[PDB]
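This document opens with one chain alone, in structure tokens, the form deposited in one PDB entry.
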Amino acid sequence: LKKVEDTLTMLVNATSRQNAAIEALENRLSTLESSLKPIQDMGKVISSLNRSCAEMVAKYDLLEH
């Protein structure tokens, strides 16, 4: 009785320690995801720079060769 009550309350404590540790891993993933949010729409910037550079190549080739 005494040894098992002592064990059960350890388990409740151990489980809640695990819980906090899981929730803390969740927050680390949130932080990581929100930091990647500004980068998500920057494929179009890269695309526009590729167009510019491609247009300059085309303009060069036209006006000279």
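Don't overthink the numbering: it's just position in the shown sequence, from 1. Think of the rigid core as the biggest set of C-alphas that the two forms share within 1.5 Å after superposition.
Student: Would you mind comparing 7-15 and 52-60 for me and telling me which has the higher average C-alpha temperature factor in the entry?
Tutor: Per the PDB entry, the higher value belongs to 7-15.
Student: Based on the entry's values, in what third of the chain does the Cα temperature factor of residue 34 lie: lowest, middle or highest?
Tutor: According to the entry, residue 34 has a C-alpha B-factor in the chain's middle third.
Below: the form deposited in another entry, not depicted.
Student: C-alpha of residue 24: shift of 2 angstroms or more between the shown form and the other one, rigid core aligned?
Tutor: Shift of 2 Å or more: no.
Student: Could you tell me whether the Cα atom of residue 42 shifts by at least 2 Å between the shown form and the other one after core superposition?
Tutor: Passes the 2 Å threshold, so yes.
Student: Relative to the superposed rigid core, does residue 12 relocate between the shown form and the other one - that is, does its Cα move 2 Å or more?
Tutor: The answer is no; the displacement is under 2 Å.
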